[PDB]
Every structure is written in C-alpha cells, then in structure tokens.
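See structure below.
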Amino acid sequence: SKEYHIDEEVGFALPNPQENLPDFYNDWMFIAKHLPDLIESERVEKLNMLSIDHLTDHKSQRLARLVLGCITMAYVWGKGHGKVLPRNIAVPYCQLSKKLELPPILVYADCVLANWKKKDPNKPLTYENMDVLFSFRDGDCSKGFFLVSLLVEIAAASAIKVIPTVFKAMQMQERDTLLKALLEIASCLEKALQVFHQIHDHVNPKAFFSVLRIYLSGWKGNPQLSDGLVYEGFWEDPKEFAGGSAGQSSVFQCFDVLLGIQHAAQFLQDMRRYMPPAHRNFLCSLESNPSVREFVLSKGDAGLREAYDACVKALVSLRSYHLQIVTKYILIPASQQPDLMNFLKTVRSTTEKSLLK
Amino acid sequence: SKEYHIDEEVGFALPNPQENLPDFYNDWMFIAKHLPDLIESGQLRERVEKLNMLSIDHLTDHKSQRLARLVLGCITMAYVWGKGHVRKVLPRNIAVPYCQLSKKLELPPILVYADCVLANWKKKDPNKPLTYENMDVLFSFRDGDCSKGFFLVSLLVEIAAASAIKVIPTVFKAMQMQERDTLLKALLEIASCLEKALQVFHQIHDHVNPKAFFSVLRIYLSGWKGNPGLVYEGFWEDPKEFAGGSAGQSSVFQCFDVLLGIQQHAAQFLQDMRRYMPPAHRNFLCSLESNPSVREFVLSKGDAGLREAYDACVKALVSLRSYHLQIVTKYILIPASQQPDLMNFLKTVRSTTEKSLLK
Ligand SMILES: CC(C)CN(c1ccc(-n2cccc2C(=O)O)cc1NC(=O)Nc1ccc(Cl)cc1F)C1CCCCC1
Ligand SMILES: CC(C)CN(c1ccc(-n2cccc2C(=O)O)cc1NC(=O)Nc1ccc(Cl)cc1F)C1CCCCC1
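Protein chains in written order, with the authors' numbering: chain A, 12 to 52, 57 to 97, 101 to 280, 287 to 362, 383 to 401; chain B, 12 to 96, 99 to 241, 246 to 281, 287 to 362, 383 to 401.
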C-alpha cells in the first residue's frame, strides 16, 4: 500500500536497496566499506565536509544514512575497549537525518531494512542468496544477525498485507471473512517463529555479545557518554539518542496495535520516533481504526474468539523464543566476561493477559 | 472527522455531558456532589472508606463512563489530599472500579483535563448559547475554590478553538488541489479564531481569584508523579506515579502547533501529555502529523499574502502564549511570593513559536 511504504514482498523493509552512491561521496563509501581493516588501524577527522544536495532519490539518502551511521558508530566506539563528533561529518549527517525525519544515529531502518542485497535476483529471498552491505569487524557476525532479523521482517510482511481485510470485514459485518483473515495472520506469525530458529546457525553468542553489541550501542542513558554526544556545529550542547533495539522494528509494535494489546509503555512509543515517518504514519493509521478486540468480544462468536486468540498465542510464542534468545546471547555470555529481562517479560505478560478464552 | 470525536460546536470538548448516573451509583454521586461539605466537616475520608465495591458493568454508553470517571476522579483527589494540610493508599472499593473504568476509556487513573473541563459542564437553559452566564460546572472541591470560573473559562477557550479546528481539512485539501485563494482564507479564518480565543482569556480575571486558586484549587489538581506514588489497593500491588492537571492536557495547545509546523526536555513533556488525552484525540494529533507540512508549502511559493496569513496564525499563537505567561504570573508567582521550572518552559515554548515566524 503505496502511501505507507509497505512492500508486498518485504513489508517494512526497503526493497532492492541501492548499493552504490554517486562518485561525489566516494570518500564516505570507501571508509564504510573497509571498517574491519580501518578500525584495527583519524581519517574521519581529516575528512572534508560534503554537501548532501547530490542525494536526489530516497534509496540514495537511505544508503547515505547507512554509510554515515556505520561510520559514526565506529568513530564513537572505536575498537570497543574503552564524546565529540567532528563537524565535517556531523553537519551533513544531521542535515540528512533532519530531511528523513530520523535521529542522527544508527537505527534498525538503516542497518537491517536498508542494508541487504540479493546475490542473484533471479532466485528467492533466502539467507544463501542474501548478503549485507556493511560490517564493522571481522567475525562480528553482522551478516547473520542482520539478515536473520530481516528475514523475520519479510515473514511478517505476509501477515501485514492481510490487514485491510480485517477492517473491511469488520465494516461490512462479514464474520466469515474476518475469521479467515485472523487465521491467516496467525499462521504467518507462526511461520515467523520458525525463522527465529535460524539465528543459532548464523550468529555465535560470544561474537555477538563482545563485538557486535558494542557498535549497536547508543548514547542515551549511557555512562560512557553521561551527558550525551556533541554534534559539533549543529548543537553546541550534547544530545542523547538511543541505539538499536528490537523495539525499533515496526513488526513488534504493529501486531500489538492490531490485536488491541495495550515504564515499558513509554519505551515502545519513543522507539516509533526512530522508525521511518511512513511506518509511523502506518502504525497511527492502525490505532485510528476500530478495535478488533471490541469487535470479537461483542459478537459472542466462539470461532472468532479462537482465531483472535490464535494470533495472540502466536505472539506469546514469539516473545518466549525472543526471551530464550536473550538468554543464550546476553545473560549467559555476560556471566563469562570477568534490566533487559524485566522489559521483555513485562511485554510478554501484557500479551498473555490479552487472551479471550 | 467523525472517527476522532470532534464536535462542530465544541471541538474537543464532550457535547451535552451526562449529569446523572444510574441509581445503582447513588453512593458515588452523593460523595462527588457534596465534596465541599464533606471535606470541611471531616467526613469525606470516612464516607469513602465505608463504600462497597460497585461493578462498572452498568455504565453502558460513553457519556455515562465519562461522567463516572469524573465522579471517581473528584472523589480520589479529595481522598488523597483531604483538607489540604494526605493518603498514600486508595481504598480497593473505589480504586478497582476507577482503574477498571480508566482501562476501558484508555486514560490514566487520575483526574484529567478531559474529566473536569471537557466533561464537567452543563447549560442552564439549552435554548440559549454557550456563555459563562448560561453555563455551570457539575463538580467542585471546596466552597470558594473558584472551580466554576476556572473550569468553565478553560472550557470556553476550548470552544473558541473549535471554530478553527473544523477548518483544518480545508487547509490540507487546498494544498493538495493547488488552490491558493482557498488556503489563504483558511489560515485567516483560523487566525481570527485564535484571536477570539485570546478574548476568552480576559474572562479569568472576573471569575477566578488568584489567592483562591493558588491555595485551594491547585491542591486538588496535584498529582503524584515527581511529587515530594499512590497505591491503588487491589489493582496493583505496587504504587504508581501519574501527573495531575496541566494546561498541557488540552489538545488545543498541540493541535495548532502541528498544523503550523511548530516543533515542540519540553519536547518530552508535551509528548507525554498526549497519553492523558482521550484516545480519539490522540489519534487526531497523530493523524495530523501524517499530513504534509503547511510550513514547507507556504515557503516554497513566492506569494507574500500566504506568508502573512501563516504569520497571522503564528502571531495569534504567540499572543496567546504571552498572555498565558501573564496569567501564570498573576495566579502563581505573586501568591507564592506572599506565602511565608514552569516559567522556563513557558518562555521556551513562546520562543519556539516566535522563531517560526516568516516575516
Ligand atoms: C526482528 C526482531 C524484532 C526479532 N529478533 C531479535 C531477537 C532477539 C534480540 N536480542 C538478543 C539479545 C537482546 C536482544 C534484544 O534487544 O531484543 C534481538 C533481535 N533483533 C535485533 O536486535 N535487531 C536489530 C536492532 C537494532 C539494530 Cl541497530 C540492528 C538489529 F539487527 C530477530 C528475530 C529472529 C532471530 C534473530 C533476531
Ligand atoms: C487551556 C489552556 C491552554 C490555557 N489556560 C491556562 C493558562 C494558565 C494556567 N496556569 C495558571 C497557573 C499555572 C498554570 C498552568 O499550569 O499552565 C492554566 C490554564 N488552564 C488550565 O489549567 N486548565 C485545566 C488543566 C487541567 C485541569 Cl485538571 C483542569 C483545568 F481547568 C486557560 C485558558 C482559559 C483562560 C484561563 C486559563
């Protein structure tokens, strides 16, 4: 559906992202494409300031934001062992973030949604035929963690395209249409769970926790940048922004809203700001529609209740397996080097309490 | 509109709010309607504690549920604050129905602008118009609190603003259709209506007394988020923080900012205030942000008339925010300097409005 930038094949992800920028931005593209070699070894501070006026289409500006976002995270965090962004990169990065109405920091819509290519376009969207555009460090497992995340967004697209059928069937008092629409969403959410199983085959817990997780960290409520980060020449004062979480996906928040599932309440709302404007306009168009919960309860129909519940159950399954992934990839590795669980459990609890029975 | 519950006459306010609940809720209605007498005699907190737990299942329409929230909200503020000289636990037999009724209406369990302004008025004679002389409130806290004046004058500003809100589709349609003469008239009509809202502000001086406001009424509008939380017995085992009433709970304040492209620590506060607004009204301010920028449209065009009409709106907003500040001065600053960061926030918002002028 065109106005909201939801793709029929990949949903919220960006279809066929640009891989190359105009020559004018070669200095950017060289740094971003060589980050593994370049981190172990100043070029950002010796970098001239480029105008953003030569980024003319949407995909170019998304790729440019991805390039500048990966550069910024690597400059701030370095080698990842232990506060001011140079004017000549921050001014174009903040200008390009302002234009696209996103915060000047690496966000899920950059390094997942806009950070993939097909290897051969004549074949389908599977891990074996897919790759990422940018990494941080050799062995960071960027490829696996980004692509498996993206394959979940694609699986979710199968359900999102069913979403006009739900509201049309409510308007037209069509009980049999709405039931099939809910079961199809439920079935697609159940197939998304099977993708989650793929993380184990492409992402290594240690590599994730001690390498990749430092470069997705932001600077809002971070003790290393207690006052935040200074974007030299744009604000004289340092500014806080969060870094990447699963909460920046629209997938997670989208089906809460649809199914009428209502401190963590605060966090998912702010995460929407870190989403593309079209996608936030979509989640709002959703909240303006009649409650699927009020509709299914008001009918007294037990078939409809089971289908609504089929959706809610598929979400609880996902949130449990999510939780189990956090156990393998954060809790256990943290107990090996010499409040995230509370947030996830609370969100899971609110979902489970939304069953009808 | 329709889906957003914006009325052509009163805008964001609730039209013709219910005044009476079903008999089943007489025990509630007695306390709320007699809060002045029951606080002054020391019988308020006893009447709340001798209260059986009532099901909310007999509140069947919207207006009934809005009135019940107002009744329970006024009771809660009086129970928490007492004689204004407090209670850390709200008794289960009122908190459970109040929290249940808040969940249904998707509002926080505390008295909010949509309760004691938007849903808390009646006409004296319906055959005559909406003026202070023909209007009254449903609930007060204390004899002499000047609740009537402060609530109704607050609401009369919301009503003046409604005249402009219904123009808001004309603005977006006229941009889409490249109709330059239509869009100009739409801004001037909004500006003129924003200018009439300023004339309502003048009425506060005739119906609200500064001392009465600061030392009485302001105690019963105090919340418990960042207040030097409250336990809702039987609903949460843990105490919960929620803010009390501010002018920020109006949609009026944010609505014309969004239209005009006015970008409003304080960015966070106006954003959090939206939760204390009705869900339909939160969907409207959000549906607004999804529309094209009126600022970017007027600027790309070389037409100076359009700039002056956009500025006419922005200027009318700056006028209101200056006079706002002067009202804050009379009703807080001076009485506080007589007893033995809101000013920073208000000036900042004025600066952001003023800095959005085109000239
Ligand atoms: C698609 C999402 C909703 C579910 N997944 C997921 C599950 C658990 C975790 N997780 C592990 C430890 C802590 C967390 C957490 O914080 O939740 C993270 C994610 N996903 C991201 O972190 N995505 C992401 C965010 C920001 C930036 Cl910048 C880049 C990114 F790639 C996919 C699903 C299938 C298995 C692979 C991961
Ligand atoms: C409606 C807004 C945009 C402008 N006004 C306004 C101006 C200054 C102040 N003020 C004074 C001292 C501190 C403050 C402050 O904190 O701003 C308050 C209000 N208005 C409310 O506070 N309304 C209200 C809110 C919450 C609850 Cl619960 C109940 C209520 F009645 C009206 C407009 C009509 C002329 C009288 C004032």
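Note that CB positions come from ideal geometry on N, CA and C, so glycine has one too.
Where the alpha helix (DSSP H) containing residue i begins and where it ends
i	result
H220(B)	217 to 220
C159(B)	Element bounds for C159(B): n/a, residue is neither H nor E.
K352(A)	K352(A) -> no alpha helix (DSSP H), and no H or E assigned at all.
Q293(A)	288 to 295
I42(A)	37 to 44
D128(A)	126 to 129
residue 4(B)	No information on residue 4(B) is available, as it lies outside the stretch 12 to 401 that chain B covers here.
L307(B)	301 to 311
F270(A)	268 to 276
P110(A)	105 to 118
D194(A)	193 to 214
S66(B)	Looking at the DSSP string, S66(B) is not in any alpha helix (DSSP H), and its letter there is neither H nor E.
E396(A)	384 to 396
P182(B)	181 to 189
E57(A)	It is not in any alpha helix (DSSP H) - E57(A) carries neither H nor E in the DSSP assignment.
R317(B)	316 to 322
Expected contact under 8 Å - CB spacing of residue i and residue j to nearest Å
i	j	result
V221(B)	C129(B)	Actually they do not touch by this definition, with Cβ atoms about 14 Å apart.
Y126(A)	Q216(A)	Not confirmed; about 18 Å, so no contact.
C335(A)	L247(A)	At roughly 40 Å, the Cβ-Cβ gap does not stay under 8 Å, so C335(A) and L247(A) are not in contact.
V180(A)	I203(A)	5 Å
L114(B)	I67(B)	5 Å
residue 282(B)	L207(B)	This model leaves out residue 282(B); its place in chain B lies between 281 and 287, and no residues are given there.
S315(B)	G278(B)	5 Å
Exposure of residue i, with buried meaning 16 or more beta-carbon neighbours within 10 Å
i	result
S167(B)	buried
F35(B)	exposed
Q242(A)	exposed
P104(B)	buried
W39(B)	buried
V391(B)	buried
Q361(A)	exposed
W253(A)	exposed
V184(B)	buried
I356(B)	exposed
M385(B)	exposed
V91(A)	buried
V102(A)	exposed
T351(B)	exposed
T71(A)	exposed
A289(B)	exposed
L400(B)	exposed
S322(A)	exposed
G22(B)	buried
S267(A)	buried
Beta-carbon proximity check, residue i vs residue j, cutoff 9 Å
i	j	result
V275(A)	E171(A)	no
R100(B)	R56(B)	yes
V320(B)	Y332(B)	yes
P47(A)	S205(A)	no
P110(B)	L151(B)	no
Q281(B)	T394(B)	yes
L292(B)	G262(B)	no
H69(A)	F214(A)	no
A210(A)	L342(A)	yes
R317(B)	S398(B)	yes
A132(B)	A24(B)	yes
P300(A)	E19(A)	no
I107(A)	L49(A)	no
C112(B)	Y249(B)	yes
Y233(B)	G95(B)	yes
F227(A)	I354(A)	yes
Do the segment 179 to 196 of chain A and the segment 34 to 49 of chain A meet, that is, are 3 or more Cβ pairs less than 8 Å apart? no
Do the segment 254 to 261 of chain A and the segment 61 to 80 of chain A meet, that is, are 3 or more Cβ pairs less than 8 Å apart? no
Could you say if the segment 136 to 144 of chain B and the segment 12 to 19 of chain B meet the contact criterion of at least three C-beta pairs nearer than 8 Å? no
On the three-pair Cβ rule with 8 Å, is the segment 302 to 316 of chain A touching the segment 303 to 314 of chain B? yes
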